[PDB]
């Protein structure tokens, strides 16, 4: 009865977006979607009390995940998203008073969201259940369903290129273009490279997408939905009431609590404390040139801050509590900043206002450079690469080789859930992700590690329906 009117179907479309903001704290797990890939690359450690604190993260990082000790929150969030998208398509088949223009717009949002949620399970697990109404496909078969759905959304021709202040967070054409380029490039689907390049060029031609001149302004609260932002997942502290017992409410994010220094003295250098997950590797700080603005915007030297403080006051000496894999560096982009939870009305730990940046225009420029270099089309790959390189303060221009473009991504997107997928899709993962001199990673990546083990509870529930990955 209820989901028969346009007004109520709009409420269902809004509901289909909610699982976007769940995985950082949902289904009694912390599975923040960016960190779940970055812990498997070469930029961060895992941290916590020990290798048994969030053990599933430590196992994934060392390519020894097991089905009975695996992340499961993200899986449940992805399929909750898929189910809510399917509900809207079902409701539209039984719709009283929905105009043709509105039907197509509602459809464009939920089909694009559905591909976005399938992309989470496609990337992490590959060979997973598929449904468009409320069965295990191969990764290659799921790619086929995903890319065809994006083609249909693009062909509806109803999404705006950019949203306005009232609706930031809604699906846009630019968001769909970026998701299209993402899955096309991860699949190595050279048949679609020229189309993906044409889409990147359309975003580049828009005067309403560009680089922020100062990379240090991006991850500030004032940098949310800037000229650089193509897509973010919205989080707020203002009267936010996300809680241990209320993880699903539209509130703040847990991410800053997870990755800020344990028992930091709150307010020192306008940073707050967290649980000491995902310290930034010393090697990440060292790979930057001194005049690369990304170095300090990525790597916050918490220990140097206290060393300075203690020199300037030998009376009032401070420390934080170093945890497993401590380096003295934390991920500045999503660090707990004094004031960024100040208006929350529940658990301070779960209500940070930091939006999760998904697609930034520097990714558009690097995607276009790489696609041009791979022979998708003619275009100024060198200009596109160096707009990003030079925005970071670097004076030397670099040639648009594949290695140079892949390394610029590496410098550009630490902690943003890009590097692991870039290593795998370019064939670099086997040679880069090898045992370290710390004894932290003790295994080498190999092609069997591309798809994680499916959770044992899902294998058990499918009654032989779900074939476990050979990981």
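Positions refer to the first chain, counted from 1.
Novice: Missing residues between residue 99 and residue 100 in the deposited sequence, please: none, 1 to 3, 4 to 9, or 10 or more.
Specialist: Gap between residue 99 and residue 100: none, chain continuous.
Novice: Can you let me know which of the two, 306 to 314 or 345 to 353, has the higher average C-alpha B-factor in the entry?
Specialist: Between 306 to 314 and 345 to 353, it is 306 to 314.
Novice: Could you check the entry and say whether 172 to 180 or 245 to 253 has the higher mean CA B-factor?
Specialist: Going by the record's values, the stretch with the higher mean is 245 to 253.
Novice: For the listed 272, 144, 217, 224, which has the peak Cα B-factor recorded in the PDB entry?
Specialist: If I rank 272, 144, 217, 224 by C-alpha B-factor, first place goes to 144.
Novice: Per the entry's Cα B factor values, which of 338, 319, 167, 373 stands out as the maximum?
Specialist: Highest C-alpha B-factor among the listed options: 373.
Novice: Relative to the other modelled residues of the same chain, rank the CA B-factor of residue 46 and answer lowest, middle or highest third.
Specialist: It belongs to the lowest third of the chain when residues are ordered by C-alpha B-factor.
Novice: Sorting the chain's modelled residues by C-alpha B-factor, tell me whether residue 239 ends up in the lowest, middle or highest third.
Specialist: For residue 239, whose C-alpha B-factor we compare with every modelled residue in the chain, the answer is the highest third.
Novice: Using the B-factor values recorded in the entry, state whether the Cα atom of residue 437 falls in the lowest, middle or highest third among the modelled residues of its chain.
Specialist: It belongs to the middle third of the chain when residues are ordered by C-alpha B-factor.
Novice: Place residue 103 in the lowest, middle or highest third of its chain's C-alpha B-factors, as listed in the PDB entry.
Specialist: Highest third - that is where residue 103 ends up once the chain's C-alpha B-factors are sorted.
Novice: Determine, from the deposited record, the chain-internal third of the Cα B-factor for residue 34: lowest, middle or highest.
Specialist: CA B-factor rank for residue 34: lowest third.
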